[PDB]
2 protein chains.
Amino acid sequence: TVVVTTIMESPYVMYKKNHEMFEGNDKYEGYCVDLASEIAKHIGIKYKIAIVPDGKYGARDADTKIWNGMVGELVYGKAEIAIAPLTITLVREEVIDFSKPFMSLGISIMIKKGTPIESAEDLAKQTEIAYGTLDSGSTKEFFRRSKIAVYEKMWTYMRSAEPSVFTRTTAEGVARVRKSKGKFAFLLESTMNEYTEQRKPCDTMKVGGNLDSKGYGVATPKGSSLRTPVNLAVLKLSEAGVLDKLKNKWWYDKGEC
Amino acid sequence: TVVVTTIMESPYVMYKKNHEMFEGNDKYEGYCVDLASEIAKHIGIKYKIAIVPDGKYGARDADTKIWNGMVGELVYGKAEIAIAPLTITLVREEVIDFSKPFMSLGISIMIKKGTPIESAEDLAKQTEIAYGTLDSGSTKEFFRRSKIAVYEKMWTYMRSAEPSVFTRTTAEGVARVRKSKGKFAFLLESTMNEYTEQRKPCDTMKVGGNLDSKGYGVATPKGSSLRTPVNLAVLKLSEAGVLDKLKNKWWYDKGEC
Ligand SMILES: C=C(C)[C@H]1CN[C@H](C(=O)O)[C@H]1CC(=O)O
Ligand SMILES: C=C(C)[C@H]1CN[C@H](C(=O)O)[C@H]1CC(=O)O
C-alpha cells in the first residue's frame, strides 16, 4: 500500500544471495531493509520497496529546476517514504521532511594504509597526493560552499584538478584508493568509511576526525500524515537500543579484519 | 516580543562577571546565549531570555499529570522557545517540537582519576564503587526503561542503593566524585563530562564510550509558526560551521588542563 523509495548501497540495501528465487521485498537485505521493517511494524503499515530509477540521492538541477533521485520521488508524489543513507541538509529539508537522525556521521578521509596523512590540513598543503569526493551528494556541496580557509583551499584544488578527482560511486572511490598505491585519498561519509575498514583486504583506514557532524533521516513529502508516526517510531527504536543493535549487526558482526 | 525560556547550566547559560550592572539579556553569557543570538538574527526576531522558575528541564508528574520545567513553560504557553541542553526524547517530542539537533551527545561515565573502571560493565559487576545519576532527566529515564541486561542490573542497584546515589545538580554529582576518593562514579551526558575534564583541578575523566547516541534540540510548542524557521536556522548554522565554532569557544578555548 505504501511505497518506500531507497537505493542500492552497502550495507544499507543490497540483494540477498540467490535473489532470483525471491519476490517483492524479500529480494533485499541490509540495514535500511531491517529499519523499514521495524518502522512499518510500529506505525502499522504495509510497504513496497522500490529502487530509485535514476540511482541518485537528490539534487535540484541547475537548468531544468527539477529534483532528481529519492528526494525527487517524494517531491513529485512517486513515493511516500525514503529510507536510505540520505543526509539531512538545509536544501533538502526545504522541500521534504526528515525524522530525527537514525544514524550520526561526518565527512571523513579514507587513505590506503601507509599514506603519510593524518588530517585534512595535511592534504591541502600538498599536491603529490590527489584527493576527491563523489560528484553528487552532500560532501561535494559542503566543500563547494565552505568559507573555512582549509576547505576553501581543498575545493579550489578539487574543482581544478586534472584529471578529474571525482567518482560516480562509493565502490569507484574505494577502488581508486586501493589501486593508486597511496597517491589517492577519498573524502566520504564516516559510516561508509568505517564499513570499508572492516572489509578485506583490510588495506584502507580512516584518518583524523570527522570534518563535520550530521545525520541520516527518514524522509517524507511535505504534508504527509506519516510524518509524526515516522518521527516517533525512530525515537522509539533509538531509545529501545534497536538502532545500535542494527548498526553492530551490519557493520561489526560481519567484520573481517 | 518573543519569550525564550532557558536554565542556568555551565557553559550554556551563566551570569557574566559583574552582572549587577547589566540589564535584560545582557546579564547572561554562554553557549546557549550565543545560540539564541544567532537564531534570532537569522529568523529576524527580538527576544527576552527568561530563566525557568522551577529550575527543571521537563517531566510529567505522576499524580498531578502536569509538565514541569521548560517543557512545561512551552506546553502551557508561558514561553515560545526553549534554548537549552534539552535532550530530545520520545516523551517530550510527544508534547513539543524539536529542531534538528544542535549538539550530539550520549550518556557517559565520570570517574576520579585512578579509579580502576574502564566501562559500564565494570561498574555493574561490583558494589565497592557506588554510581549514580541525576534524579531528574533523560539519563535516569534511560536506566529506568532499559531492557539491556547490563543497564537493567545498574538500575536495580541504583534504585535500591543506600544511601541515595542520586544528586540534584551537575555540580553536586561532580562534587561527590571529587570528595569520594575514587568511591563514587557519575553517570551524566558526555557534553557536561567533557567540559568538567577541562576544568581545574583536572582530577576527573571520561571513561569508555557513550552508552547511547542522542542530541539537544531547540523546542517550540505544538503549532508554533516559529517551528520551521527555527529548524532551518539550526541547519544553516550547522552547515556554516557556527555550531562547531561555538562549541570550541565555550569548551576548549577556555580549557585549563
Ligand atoms: C552514497 C551517496 C552518494 C550519498 C549517501 N549520503 C550522501 C547524500 O545523501 O548526499 C551521499 C554521500 C556523500 O555525498 O558523501
Ligand atoms: C542537566 C540536566 C539535569 C539535563 C540536561 N539535559 C538532560 C535532560 O534534558 O533531561 C539532563 C541531564 C541528564 O539527565 O543527564
# chains A, B, ... in the order shown; residues from 1 in each chain; ligands from 1
$ interface_residues --of "chain B" --to "chain A" --cutoff "8 Å" --atoms "only C-alpha atoms" --output "ChimeraX atom specification"
/B:89-90,93-94,100,142,146-148,232,235-236,239-241
$ residues_around --residues "residue 116 in chain A" --least-positions-apart "6" --cutoff "10 Å" --atoms "only C-alpha atoms" --output "VMD selection string"
chain A and resid 122 to 123 129 182
$ write_last_selection --atoms "N, CA and C atoms" --output "short mmCIF file (atom, residue, chain, number, x, y, z; two decimals), in the first residue's frame"
data_model
loop_
_atom_site.label_atom_id
_atom_site.label_comp_id
_atom_site.auth_asym_id
_atom_site.auth_seq_id
_atom_site.Cartn_x
_atom_site.Cartn_y
_atom_site.Cartn_z
N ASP A 122 46.79 18.32 6.23
CA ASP A 122 47.90 17.65 5.54
C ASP A 122 47.67 17.57 4.03
N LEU A 123 46.44 17.23 3.64
CA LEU A 123 46.06 17.09 2.24
C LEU A 123 46.16 18.41 1.48
N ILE A 129 49.67 13.90 -3.36
CA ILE A 129 48.55 13.00 -3.12
C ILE A 129 47.23 13.67 -3.52
N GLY A 182 48.71 4.69 -2.49
CA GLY A 182 48.96 5.81 -1.58
C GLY A 182 48.88 7.19 -2.21
#
$ residues_near_ligand --ligand "ligand 1" --cutoff "10 Å" --atoms "only C-alpha atoms and all ligand atoms" --output "PDB file with C-alpha atoms, in the first residue's frame"
ATOM      1  CA  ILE A   7      18.826   2.883  -3.211  1.00  0.00           C
ATOM      2  CA  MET A   8      21.495   0.164  -3.564  1.00  0.00           C
ATOM      3  CA  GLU A   9      24.307   0.921  -1.118  1.00  0.00           C
ATOM      4  CA  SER A  10      26.253  -1.470   1.121  1.00  0.00           C
ATOM      5  CA  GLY A  55      20.283   5.813  -8.864  1.00  0.00           C
ATOM      6  CA  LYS A  56      20.569   9.269  -7.289  1.00  0.00           C
ATOM      7  CA  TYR A  57      20.075  10.642  -3.778  1.00  0.00           C
ATOM      8  CA  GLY A  58      18.566  14.014  -4.629  1.00  0.00           C
ATOM      9  CA  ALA A  59      19.702  17.339  -6.001  1.00  0.00           C
ATOM     10  CA  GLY A  69      16.790  10.932  -7.026  1.00  0.00           C
ATOM     11  CA  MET A  70      14.830   9.832  -3.963  1.00  0.00           C
ATOM     12  CA  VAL A  71      14.076  13.431  -2.970  1.00  0.00           C
ATOM     13  CA  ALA A  84      18.230   5.310   2.876  1.00  0.00           C
ATOM     14  CA  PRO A  85      21.569   6.907   3.904  1.00  0.00           C
ATOM     15  CA  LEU A  86      20.013  10.239   2.941  1.00  0.00           C
ATOM     16  CA  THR A  87      21.875  13.067   4.627  1.00  0.00           C
ATOM     17  CA  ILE A  88      19.859  15.785   6.363  1.00  0.00           C
ATOM     18  CA  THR A  89      20.792  19.055   4.690  1.00  0.00           C
ATOM     19  CA  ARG A  92      16.552  19.097   1.176  1.00  0.00           C
ATOM     20  CA  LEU A 105      28.073  10.730  10.783  1.00  0.00           C
ATOM     21  CA  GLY A 106      30.534  13.235   9.358  1.00  0.00           C
ATOM     22  CA  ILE A 107      32.737  13.788   6.336  1.00  0.00           C
ATOM     23  CA  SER A 108      35.959  11.797   6.731  1.00  0.00           C
ATOM     24  CA  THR A 133      34.797  13.370  -3.400  1.00  0.00           C
ATOM     25  CA  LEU A 134      31.687  11.862  -5.007  1.00  0.00           C
ATOM     26  CA  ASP A 135      30.468  14.188  -7.818  1.00  0.00           C
ATOM     27  CA  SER A 136      26.941  14.091  -6.410  1.00  0.00           C
ATOM     28  CA  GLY A 137      25.969  14.466  -2.790  1.00  0.00           C
ATOM     29  CA  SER A 138      26.261  16.456   0.392  1.00  0.00           C
ATOM     30  CA  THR A 139      30.059  16.066   0.640  1.00  0.00           C
ATOM     31  CA  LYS A 140      30.704  17.893  -2.650  1.00  0.00           C
ATOM     32  CA  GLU A 141      28.138  20.554  -1.635  1.00  0.00           C
ATOM     33  CA  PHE A 142      29.921  21.036   1.719  1.00  0.00           C
ATOM     34  CA  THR A 167      33.998   9.404  -8.713  1.00  0.00           C
ATOM     35  CA  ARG A 168      30.449   8.214  -9.591  1.00  0.00           C
ATOM     36  CA  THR A 169      30.001   5.678  -6.745  1.00  0.00           C
ATOM     37  CA  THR A 170      31.421   4.703  -3.354  1.00  0.00           C
ATOM     38  CA  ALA A 171      32.929   1.490  -4.810  1.00  0.00           C
ATOM     39  CA  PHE A 186      38.886   9.698  -0.661  1.00  0.00           C
ATOM     40  CA  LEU A 187      36.577  12.126   1.128  1.00  0.00           C
ATOM     41  CA  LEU A 188      33.403  10.299   2.151  1.00  0.00           C
ATOM     42  CA  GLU A 189      30.912   9.862   4.981  1.00  0.00           C
ATOM     43  CA  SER A 190      32.356   8.158   8.052  1.00  0.00           C
ATOM     44  CA  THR A 191      29.684   5.431   8.015  1.00  0.00           C
ATOM     45  CA  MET A 192      30.876   4.117   4.616  1.00  0.00           C
ATOM     46  CA  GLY A 215      22.792  12.566  10.406  1.00  0.00           C
ATOM     47  CA  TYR A 216      20.713  10.478   8.062  1.00  0.00           C
ATOM     48  CA  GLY A 217      16.948  10.768   8.435  1.00  0.00           C
TER      49      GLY A 217
END
$ residues_around --residues "residue 226 in chain A" --least-positions-apart "4" --cutoff "12 Å" --atoms "only C-alpha atoms" --output "NGL selection string"
:A and (2 or 39-40 or 42-45 or 80-82 or 97-99 or 218-222 or 230-233)
$ atom_distance --atom1 "atom 11 (C, counted along the ligand's line) of ligand 2" --atom2 "CA of residue 16 in chain B"
22.9 Å
$ select_by_dssp --residues "range 18-135 of chain B" --states "helix (DSSP H, G or I)" --output "ChimeraX atom specification"
/B:19-21,24-27,31-43,69-75,90-93,120-124
$ select_by_dssp --residues "range 8-188 of chain A" --states "strand (DSSP E or B)" --output "PyMOL selection string"
chain A and resi 9+13-15+28-29+47-51+60+67+81-82+87+96-98+103-105+107-112+130-132+134+167+184-188
$ write_last_selection --atoms "N, CA and C atoms" --output "compact mmCIF listing (two decimals), in the first residue's frame"
# COMPACT_ATOMS: atom_id res chain seq x y z
N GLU A 9 23.09 0.45 -1.77
CA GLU A 9 24.31 0.92 -1.12
C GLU A 9 24.61 -0.02 0.04
N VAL A 13 21.08 -1.27 1.74
CA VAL A 13 20.19 -2.07 0.90
C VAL A 13 21.06 -2.82 -0.10
N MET A 14 20.83 -4.12 -0.19
CA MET A 14 21.53 -4.97 -1.15
C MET A 14 20.73 -6.23 -1.44
N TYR A 15 21.08 -6.89 -2.53
CA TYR A 15 20.49 -8.17 -2.91
C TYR A 15 20.95 -9.29 -2.00
N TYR A 28 15.63 -8.27 -0.95
CA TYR A 28 16.59 -7.36 -0.37
C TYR A 28 16.94 -7.66 1.08
N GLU A 29 18.15 -7.27 1.45
CA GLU A 29 18.61 -7.32 2.83
C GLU A 29 19.49 -6.10 3.10
N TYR A 47 4.13 -2.17 3.17
CA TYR A 47 5.01 -1.39 2.29
C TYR A 47 5.63 -2.16 1.12
N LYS A 48 5.84 -1.44 0.02
CA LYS A 48 6.60 -1.96 -1.11
C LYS A 48 7.88 -1.17 -1.34
N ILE A 49 9.01 -1.87 -1.30
CA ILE A 49 10.32 -1.30 -1.57
C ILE A 49 10.50 -1.11 -3.08
N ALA A 50 10.82 0.12 -3.47
CA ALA A 50 11.10 0.44 -4.86
C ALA A 50 12.47 1.11 -4.95
N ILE A 51 13.33 0.61 -5.84
CA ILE A 51 14.66 1.17 -6.03
C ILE A 51 14.55 2.40 -6.93
N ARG A 60 18.70 19.37 -6.85
CA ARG A 60 17.94 20.17 -7.78
C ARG A 60 18.85 20.52 -8.94
N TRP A 67 14.08 18.39 -9.19
CA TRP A 67 14.73 17.47 -8.27
C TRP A 67 14.81 16.07 -8.86
N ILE A 81 7.69 7.41 1.30
CA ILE A 81 8.78 7.41 2.27
C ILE A 81 10.10 7.05 1.60
N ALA A 82 11.16 7.72 2.03
CA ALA A 82 12.52 7.37 1.63
C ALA A 82 13.25 6.88 2.87
N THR A 87 21.36 12.10 3.68
CA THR A 87 21.88 13.07 4.63
C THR A 87 20.92 14.24 4.78
N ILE A 96 11.40 18.67 1.61
CA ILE A 96 10.88 17.46 2.25
C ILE A 96 11.07 17.51 3.77
N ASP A 97 10.47 16.56 4.49
CA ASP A 97 10.65 16.48 5.92
C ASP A 97 11.54 15.32 6.30
N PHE A 98 12.42 15.55 7.27
CA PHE A 98 13.20 14.45 7.83
C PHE A 98 12.74 14.16 9.24
N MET A 103 20.96 7.76 12.44
CA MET A 103 22.39 7.48 12.44
C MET A 103 23.17 8.80 12.35
N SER A 104 24.24 8.89 13.13
CA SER A 104 25.15 10.04 13.10
C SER A 104 26.41 9.77 12.29
N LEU A 105 26.88 10.81 11.62
CA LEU A 105 28.07 10.73 10.78
C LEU A 105 28.73 12.10 10.53
N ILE A 107 31.76 13.92 7.41
CA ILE A 107 32.74 13.79 6.34
C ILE A 107 34.06 13.32 6.93
N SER A 108 34.73 12.39 6.24
CA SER A 108 35.96 11.80 6.73
C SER A 108 36.91 11.46 5.58
N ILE A 109 38.13 11.09 5.95
CA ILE A 109 39.18 10.77 4.99
C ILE A 109 39.51 9.28 4.99
N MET A 110 39.46 8.69 3.81
CA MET A 110 39.93 7.32 3.61
C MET A 110 41.29 7.36 2.93
N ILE A 111 42.26 6.68 3.53
CA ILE A 111 43.57 6.52 2.90
C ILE A 111 43.89 5.04 2.74
N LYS A 112 44.83 4.75 1.84
CA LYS A 112 45.46 3.44 1.83
C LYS A 112 46.50 3.42 2.94
N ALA A 130 46.61 13.14 -4.57
CA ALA A 130 45.32 13.64 -5.04
C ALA A 130 44.19 13.22 -4.09
N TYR A 131 43.15 14.04 -4.02
CA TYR A 131 42.00 13.73 -3.18
C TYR A 131 40.73 14.22 -3.84
N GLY A 132 39.67 13.43 -3.67
CA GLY A 132 38.41 13.70 -4.31
C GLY A 132 37.24 13.28 -3.46
N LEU A 134 32.70 12.23 -4.02
CA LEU A 134 31.69 11.86 -5.01
C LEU A 134 31.26 13.13 -5.75
N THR A 167 34.45 10.76 -8.38
CA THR A 167 34.00 9.40 -8.71
C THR A 167 32.47 9.30 -8.68
N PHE A 184 46.11 8.45 -3.95
CA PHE A 184 44.74 8.98 -3.91
C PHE A 184 44.09 8.81 -2.53
N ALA A 185 43.43 9.88 -2.07
CA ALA A 185 42.69 9.91 -0.80
C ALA A 185 41.22 10.25 -1.08
N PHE A 186 40.31 9.61 -0.35
CA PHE A 186 38.89 9.70 -0.66
C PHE A 186 38.13 10.36 0.48
N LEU A 187 37.39 11.42 0.15
CA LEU A 187 36.58 12.13 1.13
C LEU A 187 35.14 11.61 1.06
N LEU A 188 34.70 10.96 2.13
CA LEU A 188 33.40 10.30 2.15
C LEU A 188 32.86 10.28 3.56
$ atom_distance --atom1 "CA of residue 256 in chain B" --atom2 "CA of residue 198 in chain B"
5.7 Å
$ closest_residue --among "B:174, B:154, B:257, B:161" --to "residue 200 in chain B" --atoms "only C-alpha atoms"
B:257
$ decode --residues "range 163-176 of chain B" --atoms "N, CA, C and O atoms" --output "short mmCIF file (atom, residue, chain, number, x, y, z; two decimals), in the first residue's frame"
data_model
loop_
_atom_site.label_atom_id
_atom_site.label_comp_id
_atom_site.auth_asym_id
_atom_site.auth_seq_id
_atom_site.Cartn_x
_atom_site.Cartn_y
_atom_site.Cartn_z
N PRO B 163 23.31 4.84 51.08
CA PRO B 163 22.37 5.95 50.87
C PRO B 163 22.20 6.35 49.39
O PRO B 163 22.92 5.84 48.52
N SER B 164 21.26 7.26 49.14
CA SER B 164 20.86 7.65 47.79
C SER B 164 22.04 8.02 46.90
O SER B 164 22.87 8.86 47.26
N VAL B 165 22.11 7.38 45.73
CA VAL B 165 23.16 7.66 44.74
C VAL B 165 22.77 8.77 43.77
O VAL B 165 23.51 9.08 42.85
N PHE B 166 21.61 9.37 44.00
CA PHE B 166 21.11 10.42 43.12
C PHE B 166 21.43 11.83 43.64
O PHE B 166 21.32 12.10 44.83
N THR B 167 21.81 12.71 42.72
CA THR B 167 22.16 14.11 43.03
C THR B 167 21.19 15.09 42.34
O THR B 167 20.64 14.77 41.30
N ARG B 168 21.00 16.26 42.94
CA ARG B 168 20.07 17.28 42.44
C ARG B 168 20.58 18.08 41.23
O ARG B 168 19.79 18.50 40.40
N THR B 169 21.90 18.30 41.17
CA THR B 169 22.51 19.11 40.11
C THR B 169 23.78 18.47 39.58
O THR B 169 24.32 17.56 40.20
N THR B 170 24.26 18.97 38.45
CA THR B 170 25.53 18.53 37.88
C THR B 170 26.70 18.79 38.84
O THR B 170 27.50 17.89 39.11
N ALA B 171 26.77 20.01 39.38
CA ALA B 171 27.82 20.40 40.32
C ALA B 171 27.89 19.48 41.55
O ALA B 171 28.98 19.19 42.05
N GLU B 172 26.73 19.04 42.01
CA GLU B 172 26.62 18.15 43.16
C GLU B 172 27.19 16.76 42.86
O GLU B 172 27.86 16.16 43.71
N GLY B 173 26.93 16.25 41.66
CA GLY B 173 27.47 14.95 41.24
C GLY B 173 28.98 14.99 41.05
O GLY B 173 29.70 14.08 41.48
N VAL B 174 29.45 16.06 40.42
CA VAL B 174 30.88 16.31 40.22
C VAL B 174 31.56 16.50 41.58
O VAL B 174 32.67 16.02 41.81
N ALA B 175 30.87 17.21 42.50
CA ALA B 175 31.37 17.41 43.85
C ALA B 175 31.60 16.08 44.56
O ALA B 175 32.63 15.84 45.16
N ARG B 176 30.60 15.19 44.41
CA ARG B 176 30.60 13.88 45.05
C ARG B 176 31.70 12.97 44.51
O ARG B 176 32.28 12.20 45.25
#
